[PDB]
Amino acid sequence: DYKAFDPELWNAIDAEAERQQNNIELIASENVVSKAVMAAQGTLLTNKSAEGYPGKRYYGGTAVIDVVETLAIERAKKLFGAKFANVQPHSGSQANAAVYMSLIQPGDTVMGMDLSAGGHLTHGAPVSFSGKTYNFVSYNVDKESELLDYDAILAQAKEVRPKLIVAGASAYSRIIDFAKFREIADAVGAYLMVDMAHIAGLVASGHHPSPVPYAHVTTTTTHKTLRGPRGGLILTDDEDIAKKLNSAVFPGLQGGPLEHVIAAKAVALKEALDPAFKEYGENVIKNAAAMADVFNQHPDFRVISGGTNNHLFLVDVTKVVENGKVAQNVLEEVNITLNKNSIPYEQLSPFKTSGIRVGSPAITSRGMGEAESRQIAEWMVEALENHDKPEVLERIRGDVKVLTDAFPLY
């Protein structure tokens, strides 16, 4: 009994397993990985250091590690249709750090999505290494439509003359035209990086256009929609850039890779290669649409861009609670975690925001469908209309338990 040595730690692990079961996870980044993905991270591959790349290791005894990493590498190439993959990045933050390091120089100018319109921290926030190391100039969505305007971007690009354009977002609901982003990049002589961390699973599933054929380099996380272990991944079709990327990940930015997590990457990528992953993607698309329909129909809420063609959507809540932070707290009391979130052309402080961000991938991996998704948005609408009224929140929390009980987690 290894658990018996450390009850304080393993009682917390049980408490979290319980907490998850009794919690509706609507946070768009979140998912529920298979038992195989978890099992793989908990193997004795943690024991073995593999500084270097397959058949170019610093150390010996690395023959079987090369099989595991080469599987992961080959499975990502096959799934995403890329000539080159690096599976060693510890996180999406590090995968992004390696691409910047490979394509541009400290102080060089970079275009990323506005951080209220769907841009990521790592796409130029001044509190991120990304902001501090490079000159980031944001491109917005159109104010009226809340859509990417490829004409407006192209004209801004022509003035800013960036060395690099970043596309991909964590709060944009609509299909990105990657062909148009590359057309713009080519129009001004810049690289295109696509950070697809949010949509990588929808890309695996067929439901989002691939940026792989259009981006010079594509980064993603292996967690989020792709539903793998916590980590990062870099794809490219350019052999010269693959060489630079490999160098930047190690020994540029990282030391030894987490080969146990890389075994969980290989596993999860094989799961994404299965026809059942197409079904999952389909249900991610429907479940999010079902939830968003409910906010569309209700007069006191506006969905950003009018709806969604991916795993998530934002809602302006400001007609019903003071701000997004309030919205967020209220729903935690009914055992529904989402997150406050900026909306295009945000008026309020970044700590308050005008919006909530809903996502479908977690409830979808639990086995929930459109009925359940609609039900959960009605509950969100009731709880938020009745933020004042604890007797009301208390009834809803009891209904949430009925539904969580109904849909086990593992």
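All residue numbers are counted from 1 along the displayed sequence.
Between 29-37 and 377-385, the higher mean Cα B-factor belongs to 377-385. Look at the C-alpha B-factors of 220-228 and of 107-115. On average they run higher in 107-115. Which of 180, 90, 243, 260 has the largest Cα B-factor in the deposited entry comes down to 243. Remark: residue 324 belongs to the highest third of its chain, ranked by C-alpha B-factor as recorded. In this PDB entry, residue 350 carries a Cα temperature factor that places it within the highest third of its chain's modelled residues. Sorting the modelled residues of the chain by their CA temperature factor places residue 159 in the highest third. Sort the modelled residues of the chain by CA B factor and residue 12 lands in the highest third. For residue 332, the recorded CA temperature factor ranks within the highest third of the chain's modelled residues.
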